[PDB]
Amino acid sequence: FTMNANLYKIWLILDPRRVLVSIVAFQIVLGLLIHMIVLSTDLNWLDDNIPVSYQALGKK
Amino acid sequence: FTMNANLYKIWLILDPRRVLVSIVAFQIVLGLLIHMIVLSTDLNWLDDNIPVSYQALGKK
Amino acid sequence: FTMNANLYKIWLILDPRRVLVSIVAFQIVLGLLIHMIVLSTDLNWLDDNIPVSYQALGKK
Amino acid sequence: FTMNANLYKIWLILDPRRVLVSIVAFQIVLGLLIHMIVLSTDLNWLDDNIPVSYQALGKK
Amino acid sequence: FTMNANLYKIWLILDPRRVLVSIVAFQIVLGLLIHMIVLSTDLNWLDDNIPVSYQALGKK
Amino acid sequence: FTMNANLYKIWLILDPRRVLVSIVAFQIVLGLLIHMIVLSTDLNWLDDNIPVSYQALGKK
Amino acid sequence: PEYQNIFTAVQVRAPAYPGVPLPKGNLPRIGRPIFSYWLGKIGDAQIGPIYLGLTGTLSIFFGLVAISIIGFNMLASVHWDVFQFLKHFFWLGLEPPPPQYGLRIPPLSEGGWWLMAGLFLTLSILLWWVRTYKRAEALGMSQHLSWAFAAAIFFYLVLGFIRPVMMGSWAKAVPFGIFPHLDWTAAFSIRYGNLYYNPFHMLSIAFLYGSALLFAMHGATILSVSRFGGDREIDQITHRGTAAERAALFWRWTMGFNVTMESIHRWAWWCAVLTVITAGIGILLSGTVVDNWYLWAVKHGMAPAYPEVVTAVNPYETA
Amino acid sequence: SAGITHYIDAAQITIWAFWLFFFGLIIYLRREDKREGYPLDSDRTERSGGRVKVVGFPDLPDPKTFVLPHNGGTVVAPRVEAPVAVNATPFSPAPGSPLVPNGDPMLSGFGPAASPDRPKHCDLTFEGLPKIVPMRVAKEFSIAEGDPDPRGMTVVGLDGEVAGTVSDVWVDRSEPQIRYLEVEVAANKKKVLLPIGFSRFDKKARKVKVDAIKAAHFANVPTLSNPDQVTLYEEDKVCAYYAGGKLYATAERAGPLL
Amino acid sequence: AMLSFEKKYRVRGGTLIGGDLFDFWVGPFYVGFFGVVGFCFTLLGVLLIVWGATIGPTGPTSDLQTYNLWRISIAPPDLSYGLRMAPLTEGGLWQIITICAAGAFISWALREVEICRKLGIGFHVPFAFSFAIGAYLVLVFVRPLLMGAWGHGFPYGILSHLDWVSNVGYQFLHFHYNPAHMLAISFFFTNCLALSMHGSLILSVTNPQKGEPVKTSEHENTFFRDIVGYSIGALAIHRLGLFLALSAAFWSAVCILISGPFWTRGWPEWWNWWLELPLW
Amino acid sequence: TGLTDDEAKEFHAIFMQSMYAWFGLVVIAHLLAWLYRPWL
Amino acid sequence: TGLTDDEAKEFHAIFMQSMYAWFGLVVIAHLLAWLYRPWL
Amino acid sequence: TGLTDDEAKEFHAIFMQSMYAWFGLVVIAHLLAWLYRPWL
Amino acid sequence: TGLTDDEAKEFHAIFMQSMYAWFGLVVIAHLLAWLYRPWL
Ligand code: BCL
Ligand code: BCL
Ligand code: BCL
Ligand code: BCL
Ligand code: BCL
Ligand SMILES: CC[C@H]1c2cc3[nH]c4c(c3C)C(=O)[C@H](C(=O)OC)c4c3nc(cc4[nH]c(cc(n2)[C@@H]1C)c(C(C)=O)c4C)[C@@H](C)[C@@H]3CCC(=O)OC/C=C(\C)CCC[C@H](C)CCC[C@H](C)CCCC(C)C
Ligand SMILES: CC(C)=CCC/C(C)=C/CC/C(C)=C/CC/C(C)=C/CC/C(C)=C/CC/C(C)=C/CC/C(C)=C/CC/C(C)=C/CC1=C(C)C(=O)c2ccccc2C1=O
Ligand SMILES: COC(C)(C)C/C=C/C(C)=C/C=C/C(C)=C/C=C/C(C)=C/C=C/C=C(C)/C=C/C=C(C)/C=C/C=C(C)/C=C/CC(C)(C)OC
Ligand SMILES: COC(C)(C)C/C=C/C(C)=C/C=C/C(C)=C/C=C/C(C)=C/C=C/C=C(C)/C=C/C=C(C)/C=C/C=C(C)/C=C/CC(C)(C)OC
Ligand SMILES: COC(C)(C)C/C=C/C(C)=C/C=C/C(C)=C/C=C/C(C)=C/C=C/C=C(C)/C=C/C=C(C)/C=C/C=C(C)/C=C/CC(C)(C)OC
Ligand SMILES: COC(C)(C)C/C=C/C(C)=C/C=C/C(C)=C/C=C/C(C)=C/C=C\C=C(C)\C=C\C=C(C)\C=C\C=C(C)\C=C\CC(C)(C)OC
Ligand SMILES: [Ca+2]
Ligand SMILES: [Ca+2]
Ligand SMILES: [Ca+2]
Ligand SMILES: [Ca+2]
Ligand SMILES: [Ca+2]
Ligand SMILES: [Fe+3]
């Protein structure tokens with residue numbers, strides 16, 4: 001909260017328009033890339049465990 | 001922030017906006033990188049060991 | 001302090017914009033080219049010796 | 001710099017800036033180049049003998 | 001040295017700055033080249049032999 | 001300077017500046033090419049025989 | 001300098017043009033323009049300045065990581081012996097992760113570095129695509145370049161994103177190697193029954209060929225008409241001129257029909273952009289949808305029939 | 001592509017998906033290919049094609065709108081252009097046959113020498129100055145350090161005889177380069193512009209060879225209105241005159257070789 | 001039938017051979033000497049190509065003889081005849097038909113020549129087209145000649161001439177290692193990289209954002225100067241392209257030529273010269 | 001350049017606060033990390 | 001270049017103290033690692 | 001060129017000196033090098 | 001070209017001479033070589 005009183009000026013040197021939409025994307029990919037990384041390897045919340053029935057009673 | 005005194009003079013010769021973007025970007029990669037270079041080796045925390053195997057209690 | 005005597009005249013033919021910028025680059029890449037190659041080398045720290053394999057313990 | 005006295009003349013046709021910067025580069029690369037080359041076959045303190053034990057002993 | 005009694009005339013047709021910078025490189029390259037080729041097959045003092053075998057002595 | 005009587009005329013059609021530097025490139029390349037073709041087959045003095053396997057024999 | 005509008009006989013120079021004024025928010029161009037008599041004897045001599053903003057810097061830095069990683073491992077296998085490095089360069093290359101890892105993050109050793117240097121090269125392009133999009137609208141320009149570059153990127157990702165992942169194995173991915181990657185395309189084909197019968201692969205060639213064809217026509221025609229100012233396409237697109245005024249008649253009389261100075265560039269676009277379009281597809285289908293394009297062809301009566309002057313037995317069925 | 005199908009699969013369910021897009025895109029193109037020229041003029045040889053049609057396979061597109069830059073008009077594509085004029089007579093009453101140029105074909109303004117009436121205005125740069133101008137105005141432009149200077153060379157001619165000498169060359173602000181050469185004809189002592197495309201160099205004899213037209217033809221070359229800027233109208237009518245030479249400068253040229 | 005601006009260009013003259021005679025326009029095309037020539041080859045060959053589909057590998061009654069555009073094929077005679085004319089049935093067709101190809105391609109160029117001769121334009125197009133023809137003169141004449149057999153040519157079969165490309169390719173193992181072949185490839189790619197770039201830019205300057213004017217060469221230069229720094233130039237690209245295109249074919253011509261007559265071993269191996277260099 | 005000592009100096013502190021802000025935000029990242037799974 | 005003697009010597013000084021800032025922070029760096037994992 | 005005899009020596013002297021500082025710096029490097037692991 | 005008969009002679013002399021300087025240098029090595037492994 002200390003430097004909070006002195007950072008608003010960040011808007012006198014960095015144009016908003018560009019910094020906004022730019023990040024809007026920045027995150028779009030990022031997150032769209034997280035589910036990505038996690039899903040392929042970490043865990044597969046859809047096919048890993050439950051509900052076990054969908055493909056246990058499905059693939060059969 | 002002690003040495004900050006003499007270090008202030010840098011702004012007079014180099015464009016502030018450059019060192020900011022060059023770094024805001026430089027950290028971007030470094031971060032995406034570290035979790036990567038690390039998650040790929042020391043501990044693949046996501047799905048290599050702990051916690052409860054998503055494969056054991058998962059696949060079954 | 002010895003050489004610092006007449007070495008000041010250097011900036012009189014070599015622009016500071018040059019050094020400052022190139023220096024950062026060199027020291028950046030150069031540095032990364034050390035943990036890197038050295039990493040790949042025996043004294044690896046991420047997954048070489050200790051922390052002793054807990055992955056094996058915790059995982060299963 | 002003994003006989004180097006007469007050599008003073010070299011500066012008018014060997015541009016200062018160029019000579020310095022360029023040369024400064026030649027070494028940068030070479031310095032690494034060499035270290036890399038020697039590091040290749042001769043002896044590799046990084047992966048040859050001790051005090052490295054953690055690498056091999058720590059691994060298994 | 002005699003044969004060079006009239007050799008002075010060379011600096012009149014050839015471009016000194018060029019003939020200089022050129023050789024600056026030619027020997028620069030000719031040199032790194034040779035060490036390279038000799039060090040390849042003839043005597044590869046690096047990984048070829050003694051004084052010591054930090055690797056065959058230290059490795060094993 | 002035997003033939004320097006009748007053949008002098010050569011330089012009036014042949015631009016001195018071109019042939020000089022042009023020929024220079026040749027011979028040095030021819031030289032580097034020859035050593036190359038010879039050192040490779042006829043006898044690779046560097047690697048081929050004596051003085052002696054100082055390297056292989058001397059080391060191991 | 002033979003003048004068939006091949007090499008600019010006489011060059012002239014003016015004060016370094018620091019590009020046109022950009023909009024608000026776009027950093028000022030950087031780099032002191034340079035002049036090259038030789039280069040300029042081919043076309044333009046002035047050099048730079050170049051733009052470099054967030055996306056730009058974030059890109060030039062990103063992909064520069066992948067390249068390093070690659071070149072690194074390459075010089076790594078050669079045991080950091082540059083001598084043998086510059087020798088086996090073509091051969092040297094960063095191999096992908098072994099099938100014994102599927103898509104999971106492998107160790108830096110067995111395929112790790114590849115993946116890393118891969119994502120850093122994947123985004124490096126995706127990011128660079130935006131970098132181009134920012135250079136178009138900043139000049140009121142359209143996004144024809146992004147659209148194309150996109151298409152190319154499409155096929156680029158087909159070699160890793162959409163196909164390999166759709167196969168469940170990082171093994172089906174091209175490696176970082178001048179020669180070894182030639183083997184990839186060499187193996188891929190072998191693995192999938194000969195891409196000569198793969199429909200899309202053919203359609204794509206029609207472009208790799210067509211492309212070369214058109215530019216051979218256009219690039220040429222414009223020159224042949226460069227006399228009547230046929231190079232200045234812009235003012236020709238706006239108000240038709242004599243250059244474009246005969247430039248078409250030629251083709252028309254030669255092949256019957258023709259298109260306009262602008263029009264053509266549109267064909268070229270679709271004849272080039274559609275190249276990779278039929279690329280990523282032909283590969284997106286291979287491995288997943290089809291596995292043997294030879295039998296696939298004959299399956300649809302495509303594969304031609306040849307007499308039997310040579311044939312071999314089959315020890316399998318026999319034994 | 002077979003007439004009858006007995007096999008179905010995904011691979012083929014996407015192939016046709018392309019051809020449709022293709023057969024469509026090829027049309028999209030064709031439409032655009034008609035934004036300059038059509039409709040046709042006569043019927044010498046009834047439009048040839050697998051399927052005749054009135055005006056091609058695809059109906060003419062809708063007029064596009066081109067906003068030229070500042071201080072400029074507006075262009076539409078396509079556009080209804082008024083009929084031109086032909087200064088030549090039919091070599092034969094049979095359609096298709098060529099049209100013989102009347103009078104001196106070197107200036108009959110037909111075929112090779114024929115050029116459309118381009119806008120009687122002048123092209124400009126981004127800011128607004130005439131794009132192409134003479135070095136006598138381009139205070140910044142200078143000959144590339146090293147490359148020989150054209151200003152001062154004698155412009156020779158087809159037959160070989162000298163036609164005049166260069167008094168200046170026209171550079172281009174927009175795109176750094178030499179596009180024209182302010183030639184000073186000897187005969188008429190007038191000042192005509194010479195296009196790069198036809199301008200050849202012989203740095204050895206300080207000349208600007210030209211196989212286009214004879215040295216005598218350089219005389220009556222389409223003059224320019226303002227010597228401080230070349231009009232698009234004239235500009236195109238300029239280098240077009242030289243073209244005539246490419247086929248009129250000598251009876252032998254137009255004449256067969258075998 | 002002529003374009004809004006055609007009439008004023010249809011000038012008489014600029015013919016190479018017997019021009020005045022055939023000097024006229026048939027629809028949107030031109031005839032002249034070479035005009036009739038090519039045609040005399042077209043039907044004389046196009047039909048023969050059909051006669052092949054009709055006849056077939058062995059016979060018209062055979063089960064092989066098909067009409068599927070894909071399976072259609074017109075393979076050359078065996079390598080036995082070498083430089084001899086084989087029975088029209090056993091390779092003859094191909095041989096003859098091919099002779100019609102050169103008569104069509106070459107004449108088509110020659111025809112373009114004088115066509116340009118009339119428009120007083122540059123002879124770039126034809127000269128450029130030459131390479132294409134030249135490349136052909138290599139895959140049927142040059143190569144086969146130095147190989148001593150017109151049978152070395154490629155089959156005239158939509159898909160048939162692909163196998164001929166697969167075998168001859170593997171005939172040198174991994175045909176991807178060919179120097180000239182690689183090089184050439186690069187060009188084909190560069191070229192496409194050029195088109196996707198050129199065509200795009202034009203449309204991006206003559207049809208900008210909504211409510212925007214037609215940009216000028218002032219932008220074009222800056223555009224590519226802000227993404228990668230330098231801008232080749234207006235006509236420069238039209239030069240560069242033309243270059244790539246031709247270079248792509250040239251280096252290719254070399255690519256196949258060297259394969260066989262100038263090298264029998266496996267291309268992958270050729271690169272050994274670089275390895276067996278006394279430097280490593 | 002393109003600035004004087006005044007406007008410059010100010011920038012030096014303001015950003016400096018946010019700079020260390022990183023050294024701090026990331027120091028808490030590690031210190032709490034080393035705590036979890038000690039490395040080396 | 002682009003400057004005179006005055007501005008020149010001033011830069012060099014501060015520029016040095018900043019360089020020894022590194023060597024020291026890096027040498028102390030090496031040493032800390034040198035103690036932990038001994039190379040050679 | 002662009003310079004004259006007078007500063008020709010000055011730049012000459014300042015640069016020549018430093019060059020020998022490294023030659024002594026590195027010669028020493030190769031010294032402790034030989035001390036540690038002798039080569040050839 | 002770019003000269004006359006007189007001046008041309010001057011160059012021919014200095015050039016020619018120093019040339020043998022080479023053949024003289026070459027032959028001696030060819031022979032110092034032939035002394036060693038007399039090829040063939
Ligand atoms: C192989 C056996 C030894 C070993 C033996 C050696 C030897 C032997 C040498 C080195 C040297 C070096 N080693 Mg060691 N080294 C080992 C292991 C390592 C490891 C490691 C991780 O294991 C690392 C990171 C290093 C790192 C290094 C570098 C610090 C240093 C190369 C400096 C250079 O290139 O200057 C390049 C030069 C320049 C950029 C410019 C020229 C310098 C001038 C005089 C100053 C600049 C003037 C300028 C114009 C003024 C403006 C100032 C700024 C430029 C703005 N070594 C092993 C244990 N090492 C070299 C060294 O220390 O030299 C002192 C050397 O000779
Ligand atoms: C093969 C068995 C022998 C052997 C047999 C030979 C033989 C036989 C010959 C050589 C020759 C040479 N050998 Mg040996 N050589 C061996 C092993 C080696 C090894 C090695 C690492 O093992 C090396 C590095 C060399 C190196 C060399 C070169 C010094 C030399 C070729 C020079 C040249 O091409 O100039 C290229 C030329 C030029 C640049 C210019 C032409 C010269 C003119 C006259 C001078 C320039 C004039 C100019 C206009 C004036 C301006 C002056 C400055 C340029 C500014 N040899 C083994 C031991 N070697 C050649 C030689 O030295 O002849 C004397 C030769 O004939
Ligand atoms: C270059 C190395 C090989 C070769 C390798 C390949 C490979 C590899 C491929 C082709 C492909 C094609 N080749 Mg091939 N081809 C060769 C030589 C030829 C020759 C020749 C005269 O020498 C011809 C006419 C063709 C023709 C063709 C097309 C049927 C097909 C489309 C290519 C394309 O789009 O180009 C760009 C140009 C255009 C679209 C415009 C004009 C081309 C038209 C569409 C093709 C008409 C050919 C026609 C059937 C011939 C008879 C005409 C009669 C009047 C009916 N090839 C040589 C021997 N060819 C592709 C294919 O799908 O084959 C099935 C493919 O993948
Ligand atoms: C196992 C197979 C091998 C292989 C074996 C071969 C062989 C064997 C050959 C090639 C050849 C070529 N290969 Mg390869 N090739 C392989 C993999 C590849 C890959 C790849 C990505 O994997 C690529 C990009 C290429 C690329 C190429 C081209 C560079 C080259 C064709 C050149 C050319 O421009 O001809 C240009 C065009 C022509 C010769 C045809 C002439 C056109 C005529 C004049 C016009 C026809 C008009 C028509 C009648 C009218 C149609 C209109 C209708 C009336 C409607 N190859 C694999 C590894 N390749 C060929 C080559 O090198 O040629 C030089 C060749 O012989
Ligand atoms: C490796 C072992 C640990 C771990 C250890 C660490 C450590 C150690 C750190 C992180 C850090 C991060 N981790 Mg973690 N992390 C793990 C697992 C994860 C997982 C996971 C799914 O498993 C995820 C999703 C994350 C996610 C993240 C990110 C939130 C964060 C990356 C910060 C960064 O570098 O930005 C890149 C930087 C920038 C874009 C710019 C710099 C920021 C500046 C100061 C603000 C911008 C100022 C600007 C000019 C003003 C305008 C503002 C707007 C632009 C308008 N971690 C595992 C369990 N993680 C870092 C962190 O968040 O520290 C707080 C960190 O230091
Ligand atoms: C380096 C040269 C590049 C190039 C340039 C180029 N091509 C050109 C031109 C130019 C400059 C033209 O001017 C000309 C054109 O289109 O003019 C309007 C053309 C052309 N390039 C063409 C095709 C073509 N170019 C190719 C390549 C290239 N063209 C290169 C990239 C390719 C391939 C294989 O990639 C093809 C297929 C044509 C569309 C056209 C030339 C048309 C022509 O002149 O046809 C004459 C003949 C006939 C219409 C009748 C043929 C019938 C014969 C009696 C039988 C011949 C049999 C044949 C050999 C069998 C083929 C069977 C295959 C299906 C297997
Ligand atoms: C099985 C079944 C039912 C069958 C039915 C069969 C039936 C009905 C048959 C009857 C129909 C028949 C017989 C049709 C015959 C049609 C014939 C023979 C056409 C011959 C013409 C011919 C061979 C054309 C070749 C055209 C080709 C392949 C061109 C390749 C390049 C290409 C993409 C061209 C298209 C774009 C164009 C026109 C580019 C040329 C062009 C270029 C290159 C410029 O640079 C330029 C610069 C400035 C202004 C204009 C131009 C310009 O027009
Ligand atoms: C007062 O004066 C003022 C200040 C006004 C002006 C100017 C003052 C100046 C300009 C002073 C300049 C001083 C200079 C210029 C000193 C320069 C000395 C130089 C440049 C000496 C260079 C000599 C280079 C030589 C002799 C090179 C010879 C190389 C040979 C023979 C190489 C042979 C190589 C072979 C055969 C390689 C074979 C390759 C392998 C071995 C691989 O083949 C198998
Ligand atoms: C009138 O206007 C006035 C003057 C008042 C000004 C108003 C100003 C305002 C609002 C200004 C604001 C400025 C701001 C907010 C600036 C903020 C700046 C910040 C937060 C800067 C932070 C900088 C952080 C840095 C430089 C961090 C550097 C980190 C480094 C160099 C890390 C190196 C890491 C390495 C080498 C990692 C290597 C990884 C491995 C080891 C794996 O590589 C092999
Ligand atoms: C008012 O005017 C004022 C006072 C401002 C004027 C200002 C004057 C100034 C600022 C003057 C400053 C001058 C300076 C600082 C001069 C600096 C000179 C330096 C630092 C020179 C450094 C030289 C380093 C050298 C020469 C290293 C040379 C290495 C060589 C040539 C190595 C060759 C290696 C070979 C051939 C290696 C082969 C390796 C193998 C063959 C084994 O690879 C296979
Ligand atoms: C030491 O090096 C120095 C410093 C001297 C610099 C020198 C560097 C050099 C010489 C580098 C040379 C590099 C070369 C020659 C590279 C050649 C590369 C080639 C020929 C590549 C060919 C094909 C590559 C392809 C097709 C790559 C495709 C990559 C893909 C599709 C990557 C996809 C990555 C994905 C989808 C990542 C997703 C993120 C995760 C894995 C988390 O999603 C689950
Ligand atoms: Ca560890
Ligand atoms: Ca050790
Ligand atoms: Ca040794
Ligand atoms: Ca492989
Ligand atoms: Ca012998
Ligand atoms: Fe174009």
# chains A, B, ... in the order shown; residues from 1 in each chain; ligands from 1
call {"tool": "select_by_dssp", "arguments": {"residues": "stretch 12-112 of chain G", "states": "strand (DSSP E)", "output": "PyMOL selection string"}}
result
chain G and resi 12-13+93-94
call {"tool": "calpha_fit_rmsd", "arguments": {"fixed": "chain B", "moving": "chain E"}}
result
1.2 Å
call {"tool": "residues_around", "arguments": {"residues": "residue I:82", "least_positions_apart": "4", "cutoff": "12 Å", "atoms": "only C-alpha atoms", "output": "ChimeraX atom specification"}}
result
/I:76-78,86,91,95,141,144-153
call {"tool": "write_last_selection", "arguments": {"atoms": "C-alpha atoms", "output": "PDB file, in the first residue's frame"}}
result
ATOM      1  CA  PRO I  76       7.903 -44.505 -72.485  1.00  0.00           C
ATOM      2  CA  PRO I  77       9.571 -47.496 -74.200  1.00  0.00           C
ATOM      3  CA  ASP I  78      12.018 -49.845 -72.475  1.00  0.00           C
ATOM      4  CA  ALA I  86      10.054 -48.361 -80.332  1.00  0.00           C
ATOM      5  CA  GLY I  91       6.576 -46.849 -76.199  1.00  0.00           C
ATOM      6  CA  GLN I  95       8.100 -40.910 -77.928  1.00  0.00           C
ATOM      7  CA  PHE I 141      16.222 -35.005 -73.625  1.00  0.00           C
ATOM      8  CA  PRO I 144      17.948 -39.486 -71.111  1.00  0.00           C
ATOM      9  CA  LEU I 145      20.632 -38.685 -73.691  1.00  0.00           C
ATOM     10  CA  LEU I 146      23.489 -38.847 -71.192  1.00  0.00           C
ATOM     11  CA  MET I 147      21.768 -41.993 -69.920  1.00  0.00           C
ATOM     12  CA  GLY I 148      21.482 -43.483 -73.396  1.00  0.00           C
ATOM     13  CA  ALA I 149      17.765 -44.277 -73.344  1.00  0.00           C
ATOM     14  CA  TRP I 150      14.629 -42.281 -74.131  1.00  0.00           C
ATOM     15  CA  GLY I 151      13.071 -44.707 -71.674  1.00  0.00           C
ATOM     16  CA  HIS I 152      14.549 -42.714 -68.799  1.00  0.00           C
ATOM     17  CA  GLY I 153      11.833 -40.128 -69.317  1.00  0.00           C
TER      18      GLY I 153
END
call {"tool": "atom_distance", "arguments": {"atom1": "atom CA of residue H:69", "atom2": "atom CA of residue I:214"}}
result
6.1 Å
call {"tool": "residues_near_ligand", "arguments": {"ligand": "ligand 16", "cutoff": "8 Å", "atoms": "only C-alpha atoms and all ligand atoms", "output": "MDAnalysis selection string"}}
result
(chainID F and resid 42) or (chainID M and resid 39:40)
call {"tool": "write_last_selection", "arguments": {"atoms": "C-alpha atoms", "output": "PDB file, in the first residue's frame"}}
result
ATOM      1  CA  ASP F  42      49.534 -38.286 -50.487  1.00  0.00           C
TER       2      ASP F  42
ATOM      3  CA  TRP M  39      56.600 -37.456 -53.731  1.00  0.00           C
ATOM      4  CA  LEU M  40      55.535 -39.472 -56.766  1.00  0.00           C
TER       5      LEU M  40
END
call {"tool": "residues_near_ligand", "arguments": {"ligand": "ligand 7", "cutoff": "6 Å", "atoms": "only C-alpha atoms and all ligand atoms", "output": "number ranges by chain"}}
result
G: 214, 217-218, 221, 244, 247-248, 251, 255, 257-261, 264; H: 49-50
call {"tool": "interface_residues", "arguments": {"of": "chain J", "to": "chain B", "cutoff": "10 Å", "atoms": "only C-alpha atoms", "output": "ChimeraX atom specification"}}
result
/J:1-13,15-17,19-20,37,39-40
call {"tool": "write_last_selection", "arguments": {"atoms": "N, CA and C atoms", "output": "tab-separated table (two decimals), in the first residue's frame"}}
result
chain	number	residue	atom	x	y	z
J	1	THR	N	17.70	9.89	-22.71
J	1	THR	CA	17.69	11.38	-22.79
J	1	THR	C	16.30	11.88	-23.16
J	2	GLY	N	16.19	13.18	-23.39
J	2	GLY	CA	14.91	13.77	-23.73
J	2	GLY	C	14.17	14.14	-22.46
J	3	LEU	N	14.91	14.18	-21.35
J	3	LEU	CA	14.36	14.52	-20.04
J	3	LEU	C	15.43	15.25	-19.23
J	4	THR	N	15.03	15.89	-18.14
J	4	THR	CA	15.97	16.61	-17.29
J	4	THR	C	16.13	15.83	-15.98
J	5	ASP	N	16.92	16.36	-15.06
J	5	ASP	CA	17.15	15.69	-13.78
J	5	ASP	C	15.90	15.59	-12.92
J	6	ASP	N	15.05	16.61	-13.00
J	6	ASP	CA	13.82	16.65	-12.22
J	6	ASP	C	12.88	15.48	-12.53
J	7	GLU	N	12.21	15.54	-13.67
J	7	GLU	CA	11.29	14.49	-14.09
J	7	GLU	C	11.95	13.11	-14.00
J	8	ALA	N	13.24	13.05	-14.26
J	8	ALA	CA	14.00	11.79	-14.21
J	8	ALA	C	14.01	11.20	-12.80
J	9	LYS	N	14.66	11.91	-11.89
J	9	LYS	CA	14.76	11.52	-10.48
J	9	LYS	C	13.47	10.88	-9.98
J	10	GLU	N	12.36	11.59	-10.16
J	10	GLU	CA	11.06	11.10	-9.71
J	10	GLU	C	10.83	9.67	-10.19
J	11	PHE	N	11.00	9.46	-11.49
J	11	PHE	CA	10.83	8.14	-12.09
J	11	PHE	C	11.66	7.09	-11.37
J	12	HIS	N	12.87	7.47	-10.97
J	12	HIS	CA	13.81	6.57	-10.31
J	12	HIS	C	13.32	5.93	-9.03
J	13	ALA	N	12.65	6.72	-8.20
J	13	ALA	CA	12.08	6.22	-6.96
J	13	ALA	C	10.78	5.46	-7.19
J	15	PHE	N	9.49	3.89	-9.69
J	15	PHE	CA	9.68	2.58	-10.29
J	15	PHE	C	10.52	1.69	-9.40
J	16	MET	N	11.42	2.33	-8.66
J	16	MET	CA	12.31	1.61	-7.76
J	16	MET	C	11.47	0.91	-6.70
J	17	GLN	N	10.44	1.59	-6.21
J	17	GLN	CA	9.53	1.01	-5.20
J	17	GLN	C	8.88	-0.24	-5.77
J	19	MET	N	10.08	-1.88	-8.26
J	19	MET	CA	11.13	-2.82	-8.63
J	19	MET	C	11.39	-3.77	-7.48
J	20	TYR	N	11.81	-3.22	-6.34
J	20	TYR	CA	12.07	-4.04	-5.17
J	20	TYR	C	10.80	-4.81	-4.92
J	37	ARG	N	9.53	-27.66	-0.52
J	37	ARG	CA	10.44	-28.71	-0.98
J	37	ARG	C	11.85	-28.16	-1.11
J	39	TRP	N	15.52	-27.59	-2.05
J	39	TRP	CA	16.20	-28.03	-3.26
J	39	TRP	C	17.70	-28.27	-3.11
J	40	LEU	N	18.45	-27.79	-4.10
J	40	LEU	CA	19.90	-27.93	-4.17
J	40	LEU	C	20.19	-29.29	-4.80
call {"tool": "residues_near_ligand", "arguments": {"ligand": "ligand 12", "cutoff": "6 Å", "atoms": "only C-alpha atoms and all ligand atoms", "output": "JSON, numbers by chain"}}
result
{"C": [45, 46, 47, 48, 49, 50, 51], "J": [40]}
